[PDB]
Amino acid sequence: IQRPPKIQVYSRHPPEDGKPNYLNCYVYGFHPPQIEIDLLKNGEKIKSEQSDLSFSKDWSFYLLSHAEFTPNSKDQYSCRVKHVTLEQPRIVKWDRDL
């Protein structure tokens, strides 16, 4: 009865150096609800906010972790997700093309 999380990592507005933005990690279509979503900066966890647990018509859950940030063409960002269906934590880079 377990479904793996799908993951998108992306910014709210188009990225530009020195221009304040929002980093999003959208993880969805998973079950059970127990999940661990951390935003990473250059490999390390940063303070992030998480949306209220909700779910879709197929009963799978979705969440949004996000943080204010300022792209600088130096720092890398990624999203780390731990879940029962995952042997080890999955990490998804933030790629501005996606």
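Rigid core here is just the name for the largest C-alpha set that superposes within 1.5 Å across the two forms. Position 1 is the first residue in the sequence shown; the rest follow in order.
- Take 33-41 and 58-66, fit the other structures onto the shown form by the rigid core, and average the C-alpha distances in 5 other deposited structures of this protein: the farther stretch is 58-66.
- Stretch 89-97 is the one, of 89-97 and 4-12, whose CA positions lie farther from the shown form in 5 other deposited structures of this protein once all structures are superposed by the rigid core.
- Between 83-91 and 15-23, the higher mean Cα B-factor belongs to 83-91.
- Stretches 24-32 and 45-53 differ in mean C-alpha B factor, with the higher average recorded for 45-53.
- In this PDB entry, the Cα temperature factor of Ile7 sits in the bottom third of its chain's modelled residues, the lowest group.
- When the CA B factors of the chain's modelled residues are split into thirds, the value for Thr70 lands in the middle one.
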